[PDB]
Amino acid sequence: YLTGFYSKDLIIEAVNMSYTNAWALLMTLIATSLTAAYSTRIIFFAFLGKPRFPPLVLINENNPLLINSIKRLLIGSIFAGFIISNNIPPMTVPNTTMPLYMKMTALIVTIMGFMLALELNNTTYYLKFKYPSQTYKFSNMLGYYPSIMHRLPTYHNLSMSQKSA
Amino acid sequence: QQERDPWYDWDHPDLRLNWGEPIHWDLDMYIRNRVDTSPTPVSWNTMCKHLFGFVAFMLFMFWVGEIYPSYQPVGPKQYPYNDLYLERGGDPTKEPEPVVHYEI
Amino acid sequence: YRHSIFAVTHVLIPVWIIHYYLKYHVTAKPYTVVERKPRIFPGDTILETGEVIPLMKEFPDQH
Amino acid sequence: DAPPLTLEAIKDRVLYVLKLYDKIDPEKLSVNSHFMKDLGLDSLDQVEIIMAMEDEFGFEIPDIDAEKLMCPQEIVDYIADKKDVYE
Amino acid sequence: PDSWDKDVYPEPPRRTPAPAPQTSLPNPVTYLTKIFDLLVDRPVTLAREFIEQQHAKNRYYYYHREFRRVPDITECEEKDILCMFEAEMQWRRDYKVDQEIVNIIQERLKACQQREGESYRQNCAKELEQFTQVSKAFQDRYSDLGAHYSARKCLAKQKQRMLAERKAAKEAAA
Amino acid sequence: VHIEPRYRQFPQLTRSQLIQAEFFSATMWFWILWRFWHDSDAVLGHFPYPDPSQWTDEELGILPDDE
Amino acid sequence: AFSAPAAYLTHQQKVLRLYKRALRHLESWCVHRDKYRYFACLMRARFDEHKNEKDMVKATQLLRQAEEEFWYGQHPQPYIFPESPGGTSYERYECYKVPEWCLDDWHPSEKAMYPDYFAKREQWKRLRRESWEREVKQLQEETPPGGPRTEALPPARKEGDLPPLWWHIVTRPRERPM
Amino acid sequence: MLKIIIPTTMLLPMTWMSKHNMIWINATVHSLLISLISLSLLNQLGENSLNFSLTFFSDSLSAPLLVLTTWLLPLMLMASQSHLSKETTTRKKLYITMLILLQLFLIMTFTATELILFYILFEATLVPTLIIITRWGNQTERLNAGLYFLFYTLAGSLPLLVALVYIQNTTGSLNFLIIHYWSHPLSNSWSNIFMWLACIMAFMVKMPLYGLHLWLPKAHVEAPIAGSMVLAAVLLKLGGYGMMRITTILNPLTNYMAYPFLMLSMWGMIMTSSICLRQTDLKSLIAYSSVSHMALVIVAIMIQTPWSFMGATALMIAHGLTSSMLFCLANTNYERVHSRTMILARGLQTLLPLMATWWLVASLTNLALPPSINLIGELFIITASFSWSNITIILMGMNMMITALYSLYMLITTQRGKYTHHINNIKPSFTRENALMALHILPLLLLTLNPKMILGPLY
Amino acid sequence: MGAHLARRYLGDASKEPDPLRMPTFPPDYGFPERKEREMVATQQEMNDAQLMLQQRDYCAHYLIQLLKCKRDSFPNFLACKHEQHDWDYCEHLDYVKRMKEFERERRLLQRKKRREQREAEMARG
Amino acid sequence: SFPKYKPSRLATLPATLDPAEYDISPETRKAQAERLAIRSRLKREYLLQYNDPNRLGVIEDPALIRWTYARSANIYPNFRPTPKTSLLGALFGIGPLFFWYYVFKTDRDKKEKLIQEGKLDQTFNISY
Ligand SMILES: CCCCCCCCCCCCCCCCCC(=O)OC[C@H](COP(=O)([O-])OCC(O)COP(=O)([O-])OC[C@@H](COC(=O)CCCCCCCCCCCCCCCCC)OC(=O)CCCCCCCCCCCCCCCCC)OC(=O)CCCCCCCCCCCCCCCCC
Ligand SMILES: *P(=O)(O)OCC(C)(C)[C@H](O)C(=O)NCCC(=O)NCCSC(=O)CCCCCCCCCCCCC
């Protein structure tokens, strides 16, 4: 019932209930799960556990400007979705009738991402070390897209710019 | 220059060049703002294979999902006045082929 | 006092200028400002002519 | 933003780290004690000391400069010179 | 408003529904509109009253220039430079007038689309047909003359079109 | 307010920020529970999904195979 | 950065640099402090195991194999200090560094806005001008006839002299200039 | 037109009779006054041109070019007084005389009503330019640059003279009004092909066309600052004006003869932008950017539609202003460090803030940034080329991407980064240089405000 | 999503319906007397209400009523629950009508398959 | 053992993985010493000029001058007509022109054929 519920849930319901591309639908569901996963990663590695910052503790978030700005953007993150959804006129026909499992699909995949990411992050405390996987290397290095596509085409264009023209 | 040592006291710290030393013919393209040649944790051939395989598999699966779409067990949606003939810009003078929807 | 001086200038003067510009200059040539026609629903009263738009027929009500 | 550093603060923090090192006896540790000549450590111990100081102060000392910091006073002077601390 | 011609720039009669509230809650839109009228509309109205009073004391007029028709390039003899000049100038003026006519029709089309809003595809069919006809005629007149267009070139194009039409009619009658 | 820096110690917190954080967390949870209590059809649905297997051939207009 | 490099790295220097790099990458892999302590102790155990080796060829072979292992097992995204060359806060304050030669092009009114600072600046300029000849003489006296064999510089051998080539090192912009 | 022509011929004796220290002041003041007077030519008619007399006429195409020339003269005076401080009084007066003669010839060229008088004047413009380049250039290569410029222009233009006298013999007149009214179609023959070739090739060499453009980097890099300003802003626009004037009698042969020139223009636009990407000299980068923009103008004139001509005119005016400003900025940098290398001077944003602002605005105008008249002209040309064919959009998009790339590359290289440590003679920017930049940039923005003044007769 | 996709793709697409071609049988095939659907809202009423062309279905009257209720009770944006429920229920009934059409098409197709198989068996025998 | 790393032109070989880094001849050490001596000589010259208090201007860099000269003015005098240069110039300078000419010619011929046959959608095409 938060601000993201009034848009993401309807989007997922529309994707599941339409004449869509099957691969696109599957990738959308997996992306929702991975959204839950990386939100868990941020929370787990930034807020939970023991300090890992330098000993000189300069932490101070008591500034009224920061507090009030985050407050104002925090009231919107709770209530603005309800107000906006209930005040705009109906511009699309709702998906009133659908199976219960399809109705709960967004929540189920979100919770599965939460749980799997939480377990994987919890395994980090073990005194166990292993070299990374090829899938991990692909994901961490951004699919190798910036490397190849920022070194090869740029090199060829800059080389033809001088050698040929 | 990205491969060049950052902890050395170069005469030109940003370009990582010294005064008087020979300048590479392609310095204009090998500056830190441009093409980089520094070693990567993964081999270049492996990176090319992984990226190409990923994009090709995604395109193939998008085509597969296009030829095998996902839908719902419902009939076509029905609209009252000859599938809204006049409201979609139909010619008032010409007579449309009637579209009749029944109860079920 | 600072907020009052800010409000009169920064808000009051521009709204005066823009309202004067729109009413007497922009809305002096045709089609410069076009408003989408208001929605008319059954069982309504058009105020231009005192007209009464009638209600819809009896619904086949369920439950 | 952050409070400025001082020579006394830098010296106190480096001596704090060194006294929390187990291989160094806190009682015989002075600011002029040499890491290998009179403290009996070796190259790997000195590397770990430099890494501990890097973690303490939040900045990296390059290997070319770190090999020559064989004394707490040398480390203090290096850090003060790099951070532009004169008092 | 009498500033422009209602026939040249038609507006459908405006039907505004009367308010039919169903709640005891006050209307913030109504309150803010009252505030706006009190704070902005009255001062701008007084300022415009003063300005118009100043304008009424110094009333003066400007006129619309009238051009009489002159013989066209069809009537002009070959290499009769003066007649060719007059005909070319008249053709250019007519070209400008036709461009402005097309502009008027396009303004009609845009205004009707915006006005009808969500029912534009059906309610703007009359303005789409007028635009189609006007644009068809304008294109047939001045479609592909070029950067160095002239009345002679437009006449040659019209002659070519007339020859094509005559040939088509003869072939149909054959 | 001036917060003195700490060395190797937990930072100095403020009652105001503590109570504000607690209030906003409680507000979020109250909003979630209050919305779920009133309109739970946004989560669990509002209308049942029919089973097509139970629709009779007579009402679906299906004639006997022999006929 | 402050030290003049040598012609080459010794075997001890290479192994120490590998030790530091391996420890840092292990810390990047082992996020938590206790896990990092455990695995760093194991890494130092490996280094101690290979510490005493009389065969230099075998020692170099061990170093090479360890380098290959490090390259295979390196963290693709190792931790970098913000001010370090790979860091996020690297070179952010370079646009804020302005030199004193630019400082002396000010208008007389601007200089009058700071009367006490420019008096000390003139004292520094006089100190610079009164020592350049002694510095160049010292540099040319102590250099070998072949030329400078290294980038090192000598200190001041005299009671009243200054270390040669000192001006820009001493008057370099502050690390947080503005 | 005499009310503008005579004041220049009076600028001459005023320059030669003024005192030694007052030449710059008098020349600048009276050049600005003449520019203000020439601002009255912008009041044009919608039907025909302004036919003052049998010899001179003005049009919606000639008026912005004349105003640009008259406005460009005082800026050239400012730059010249910047770089000619130690010259003798006689040589200062000779340089001012060369500039005045060039402006007079350009005015008479843009207002000439006959093609042969236009030819005479637009060829007379070569002598002052050649003298300026080969006399007040700084480096050795000025002589070779002048030779290349002169011989390219003359080898292009002599067949144009032969074609013009032949056309006069055949038709009876070279008067532009007569040849426009009495124009007849050009049949597909070898003789007509070669007449078309003579005229178009003369003006293409003047443009320049890709493959006929080496003289442009040669002359622009090696000319003094005033010469560089006049070469890019106005002297490159003589080719476009001539092509927009002669193509009246070259139809319908322009439909079939324009293919090689269109292909050369598009591909060489791409190639010169790519060359700009890898230039170690700032002046050369500016010159090649000029080549690319004039190639786009050539594409517009060759496709020859009412939407293309308006874009051509707007792009010519915008390019003149922008290229003049870029040359002035690069010349200030050169006067600082006495070298044209781009990577020599860095950190110039932290060393000179307002000049960094001027560089930013000039670079943003160099690339098509809306709603600037640069973008107006480029977008009109791109739309006309799209109507011509639907792969020209691919070529134009590639060119726009490379244009943004090299413009921002120049900006980041010259202004951003850290300053060179050993360059310690970069004095604060002068009021004269700042005023030069402001006078370059403000009229461009005002033209953006009022765009129908530079869209040509086809508007 | 659903078992129908599995049946059609990993099975007999001939017996499963075609969504892009449905219906392939006459509306009276199997229905002796079938009633045409009733439309409450008129074309002029929908045009005045400016319903989106997607929203001008057989449930348009409930949408018009909901819009009128929302406009009148504007500050109280929580006072149109009954109208919203009426519109949603009408849409639900339309959706179950579509589902009934799909099921009817499916079983008509499989009945046709059984009939053709029986005819083929009779011809063979 | 561990998978090998294959260097490329855009992903070079690291120093720690270079085989020659672990096979150091006594002549390699003297070569490194000579290189360091050259660097030290250049650095000393630059630092003397840079710390000179009476210097006002730019320390001219002959290396930069040589780079800019070899990039621009030294190319044609050292250019020779060879089969490689001739073929590369012909291709890179002529082939694109003919390619684009063919593309645009084919497109425009098809468009004009459609115009003559009268089956090209040109309604509302008023601006050209
Ligand atoms: C050409 C292929 C094209 C493919 C296109 C399609 C791609 C689809 C991708 C799908 C998502 C993949 C997610 C994992 C990849 C990234 C792993 C990684 O690096 O993590 C490190 C990273 C931690 O970073 P770190 O702190 O640096 O830790 C360092 C590592 O520990 C260092 O340790 P490490 O390096 O060993 O860690 C990696 C290791 C450990 O990670 C895992 O095991 C992750 C497992 C995730 C869950 C998978 C199973 C889900 C089962 C769901 C069952 C219920 C379904 C629903 C129905 C229920 C009712 C019936 O993972 C693996 O070994 C493989 C994981 C799976 C890979 C999938 C892609 C295959 C590529 C080709 C085959 C390669 C095979 C060989 C591998 C390479 C060579 C050795 O992990 C996380 O942060 C969490 C990851 C996310 C967990 C939740 C994921 C939920 C969504 C996916 C599952 C589906 C849910 C339902 C969706 C809706 C359905 C309708
Ligand atoms: P101090 O001056 O006492 O130093 C003593 C030294 C080491 C200099 C010795 O005197 C010495 O030279 N001994 C002989 C040479 C020698 O020790 N060679 C061996 C060096 S490498 C070694 O054997 C240890 C390597 C094992 C660990 C490799 C790390 C790779 C894993 C990293 C993966 C990255 C993420 C974990």
# chains A, B, ... in the order shown; residues from 1 in each chain; ligands from 1
>>> residues_around(residues="stretch 17-26 of chain D", least_positions_apart="4", cutoff="10 Å", atoms="only C-alpha atoms", output="PyMOL selection string")
chain D and resi 12-13+30+35+39-41+45+48-49+52-53+56+72
>>> write_last_selection(atoms="N, CA, C and O atoms", output="short mmCIF file (atom, residue, chain, number, x, y, z; two decimals), in the first residue's frame")
data_model
loop_
_atom_site.label_atom_id
_atom_site.label_comp_id
_atom_site.auth_asym_id
_atom_site.auth_seq_id
_atom_site.Cartn_x
_atom_site.Cartn_y
_atom_site.Cartn_z
N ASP D 12 49.42 10.66 18.22
CA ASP D 12 48.63 9.85 19.14
C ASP D 12 47.94 8.70 18.42
O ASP D 12 47.91 7.58 18.92
N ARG D 13 47.38 8.97 17.23
CA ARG D 13 46.68 7.91 16.52
C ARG D 13 47.63 6.83 16.02
O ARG D 13 47.32 5.63 16.09
N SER D 30 58.55 3.73 21.63
CA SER D 30 58.65 5.18 21.59
C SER D 30 58.46 5.67 20.16
O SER D 30 58.44 4.88 19.21
N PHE D 35 61.46 0.07 13.32
CA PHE D 35 60.61 -1.11 13.21
C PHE D 35 61.42 -2.40 13.15
O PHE D 35 60.97 -3.44 13.65
N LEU D 39 62.85 -2.77 17.08
CA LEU D 39 61.58 -3.42 17.36
C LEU D 39 61.53 -4.87 16.88
O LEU D 39 60.60 -5.59 17.25
N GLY D 40 62.49 -5.30 16.07
CA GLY D 40 62.60 -6.70 15.71
C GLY D 40 61.56 -7.21 14.74
O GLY D 40 61.30 -8.42 14.72
N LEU D 41 60.96 -6.34 13.94
CA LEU D 41 59.99 -6.77 12.95
C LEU D 41 60.70 -7.05 11.63
O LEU D 41 61.93 -7.07 11.56
N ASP D 45 55.86 -7.44 8.29
CA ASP D 45 55.32 -6.71 9.42
C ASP D 45 55.20 -5.22 9.12
O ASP D 45 54.20 -4.59 9.45
N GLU D 48 52.28 -4.62 6.83
CA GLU D 48 51.02 -4.67 7.56
C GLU D 48 50.83 -3.43 8.42
O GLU D 48 49.71 -2.94 8.58
N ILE D 49 51.91 -2.89 8.99
CA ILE D 49 51.82 -1.65 9.75
C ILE D 49 51.38 -0.50 8.85
O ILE D 49 50.52 0.31 9.23
N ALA D 52 47.76 -0.87 8.11
CA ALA D 52 46.96 -0.46 9.26
C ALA D 52 46.87 1.05 9.35
O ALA D 52 45.81 1.60 9.68
N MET D 53 47.97 1.75 9.08
CA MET D 53 47.93 3.21 9.08
C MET D 53 47.05 3.75 7.96
O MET D 53 46.33 4.75 8.14
N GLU D 56 43.65 3.42 9.13
CA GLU D 56 43.39 4.39 10.19
C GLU D 56 43.04 5.76 9.62
O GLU D 56 42.05 6.37 10.02
N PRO D 72 57.78 5.56 13.69
CA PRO D 72 56.52 6.29 13.92
C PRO D 72 56.63 7.77 13.64
O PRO D 72 55.69 8.36 13.10
#
>>> interface_residues(of="chain I", to="chain C", cutoff="8 Å", atoms="only C-alpha atoms", output="VMD selection string")
chain I and resid 40 to 41 45 48 to 50 61 64 68
>>> residues_around(residues="residue E:87", least_positions_apart="2", cutoff="9 Å", atoms="only C-alpha atoms", output="mmCIF file with N, CA, C and O atoms, in the first residue's frame")
data_model
loop_
_atom_site.group_PDB
_atom_site.id
_atom_site.type_symbol
_atom_site.label_atom_id
_atom_site.label_comp_id
_atom_site.auth_asym_id
_atom_site.auth_seq_id
_atom_site.Cartn_x
_atom_site.Cartn_y
_atom_site.Cartn_z
ATOM 1 N N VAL E 70 -4.005 42.843 -62.751
ATOM 2 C CA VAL E 70 -3.225 43.202 -63.933
ATOM 3 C C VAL E 70 -3.141 41.977 -64.833
ATOM 4 O O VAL E 70 -3.341 40.842 -64.374
ATOM 5 N N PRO E 71 -2.871 42.172 -66.126
ATOM 6 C CA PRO E 71 -2.784 41.023 -67.035
ATOM 7 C C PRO E 71 -1.716 40.035 -66.590
ATOM 8 O O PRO E 71 -0.661 40.417 -66.081
ATOM 9 N N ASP E 72 -2.002 38.752 -66.789
ATOM 10 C CA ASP E 72 -1.153 37.680 -66.298
ATOM 11 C C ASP E 72 -0.245 37.150 -67.407
ATOM 12 O O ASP E 72 -0.313 37.564 -68.569
ATOM 13 N N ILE E 73 0.613 36.200 -67.026
ATOM 14 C CA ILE E 73 1.666 35.724 -67.916
ATOM 15 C C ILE E 73 1.081 35.072 -69.160
ATOM 16 O O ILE E 73 1.725 35.042 -70.214
ATOM 17 N N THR E 74 -0.143 34.545 -69.069
ATOM 18 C CA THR E 74 -0.794 34.005 -70.257
ATOM 19 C C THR E 74 -1.072 35.103 -71.275
ATOM 20 O O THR E 74 -0.895 34.902 -72.482
ATOM 21 N N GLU E 75 -1.508 36.272 -70.807
ATOM 22 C CA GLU E 75 -1.767 37.387 -71.708
ATOM 23 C C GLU E 75 -0.485 38.077 -72.153
ATOM 24 O O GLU E 75 -0.463 38.700 -73.220
ATOM 25 N N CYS E 76 0.576 37.993 -71.355
ATOM 26 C CA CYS E 76 1.826 38.653 -71.710
ATOM 27 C C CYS E 76 2.439 38.025 -72.957
ATOM 28 O O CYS E 76 2.438 36.803 -73.122
ATOM 29 N N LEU E 82 8.032 44.173 -69.359
ATOM 30 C CA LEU E 82 7.198 44.914 -68.414
ATOM 31 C C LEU E 82 5.964 44.111 -68.021
ATOM 32 O O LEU E 82 5.619 44.011 -66.833
ATOM 33 N N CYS E 83 5.283 43.534 -69.011
ATOM 34 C CA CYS E 83 4.133 42.687 -68.724
ATOM 35 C C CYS E 83 4.547 41.464 -67.919
ATOM 36 O O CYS E 83 3.831 41.045 -67.002
ATOM 37 N N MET E 84 5.703 40.881 -68.245
ATOM 38 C CA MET E 84 6.201 39.744 -67.479
ATOM 39 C C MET E 84 6.464 40.130 -66.030
ATOM 40 O O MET E 84 6.164 39.360 -65.113
ATOM 41 N N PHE E 85 7.021 41.321 -65.804
ATOM 42 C CA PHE E 85 7.278 41.797 -64.448
ATOM 43 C C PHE E 85 5.981 41.954 -63.664
ATOM 44 O O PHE E 85 5.867 41.486 -62.523
ATOM 45 N N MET E 89 4.905 39.647 -60.405
ATOM 46 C CA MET E 89 4.596 40.227 -59.100
ATOM 47 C C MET E 89 3.198 39.830 -58.639
ATOM 48 O O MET E 89 2.996 39.478 -57.466
ATOM 49 N N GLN E 90 2.222 39.865 -59.549
ATOM 50 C CA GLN E 90 0.866 39.467 -59.184
ATOM 51 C C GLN E 90 0.811 37.997 -58.787
ATOM 52 O O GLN E 90 0.121 37.629 -57.827
ATOM 53 N N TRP E 91 1.531 37.143 -59.517
ATOM 54 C CA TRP E 91 1.565 35.724 -59.188
ATOM 55 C C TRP E 91 2.185 35.492 -57.817
ATOM 56 O O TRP E 91 1.717 34.641 -57.055
ATOM 57 N N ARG E 92 3.239 36.239 -57.485
ATOM 58 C CA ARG E 92 3.852 36.101 -56.167
ATOM 59 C C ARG E 92 2.892 36.524 -55.059
ATOM 60 O O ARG E 92 2.805 35.864 -54.013
ATOM 61 N N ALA E 151 6.027 32.471 -62.496
ATOM 62 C CA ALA E 151 4.730 32.318 -63.139
ATOM 63 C C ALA E 151 4.841 31.544 -64.441
ATOM 64 O O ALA E 151 3.933 30.782 -64.784
#
>>> residues_around(residues="residue G:167", least_positions_apart="6", cutoff="12 Å", atoms="only C-alpha atoms", output="number ranges by chain")
G: 99-101, 124-129, 131-132, 135, 173; J: 47-48, 50-53
>>> residues_around(residues="residue C:35", least_positions_apart="5", cutoff="10 Å", atoms="only C-alpha atoms", output="PDB file with C-alpha atoms, in the first residue's frame")
ATOM      1  CA  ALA E 111      -8.159  24.186 -32.968  1.00  0.00           C
ATOM      2  CA  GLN E 114      -7.738  20.389 -29.354  1.00  0.00           C
ATOM      3  CA  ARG E 115     -11.350  21.417 -28.706  1.00  0.00           C
ATOM      4  CA  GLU E 116     -12.928  18.023 -29.375  1.00  0.00           C
ATOM      5  CA  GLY E 117     -10.223  16.386 -27.281  1.00  0.00           C
TER       6      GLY E 117
END
>>> residues_near_ligand(ligand="ligand 2", cutoff="7 Å", atoms="only C-alpha atoms and all ligand atoms", output="PyMOL selection string")
(chain D and resi 42-44) or (chain G and resi 11-12+15-16+22-23+25-26+29+43+46-47+50-53+56+59-60+62-63+66-67+69-70+73-75)
>>> residues_near_ligand(ligand="ligand 1", cutoff="6 Å", atoms="only C-alpha atoms and all ligand atoms", output="MDAnalysis selection string")
(chainID A and resid 26 29:30 33:34 37 41 109 113 116:117 120 132:136) or (chainID B and resid 53:54 57)
>>> write_last_selection(atoms="C-alpha atoms", output="short mmCIF file (atom, residue, chain, number, x, y, z; two decimals), in the first residue's frame")
data_model
loop_
_atom_site.label_atom_id
_atom_site.label_comp_id
_atom_site.auth_asym_id
_atom_site.auth_seq_id
_atom_site.Cartn_x
_atom_site.Cartn_y
_atom_site.Cartn_z
CA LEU A 26 9.43 -13.55 -18.05
CA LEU A 29 9.17 -10.89 -13.58
CA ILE A 30 12.85 -11.74 -13.14
CA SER A 33 12.82 -10.30 -8.32
CA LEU A 34 16.25 -8.75 -8.93
CA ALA A 37 17.47 -8.56 -4.50
CA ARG A 41 21.86 -5.90 -0.92
CA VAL A 109 8.45 -12.87 -6.92
CA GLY A 113 14.00 -12.21 -4.43
CA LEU A 116 17.23 -15.60 -1.94
CA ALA A 117 19.27 -12.39 -1.76
CA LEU A 120 23.19 -15.28 -0.27
CA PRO A 132 34.24 -15.91 -8.41
CA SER A 133 32.06 -17.47 -11.08
CA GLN A 134 31.79 -16.56 -14.75
CA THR A 135 28.22 -15.37 -14.18
CA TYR A 136 29.45 -13.17 -11.33
CA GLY B 53 26.31 -14.83 -26.78
CA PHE B 54 24.12 -12.92 -24.33
CA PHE B 57 20.43 -15.49 -27.06
#
>>> interface_residues(of="chain I", to="chain A", cutoff="10 Å", atoms="only C-alpha atoms", output="ChimeraX atom specification")
/I:1-2,19,51-52,54-55,57,63,66-67,70-71,74-78,80,84,87-96
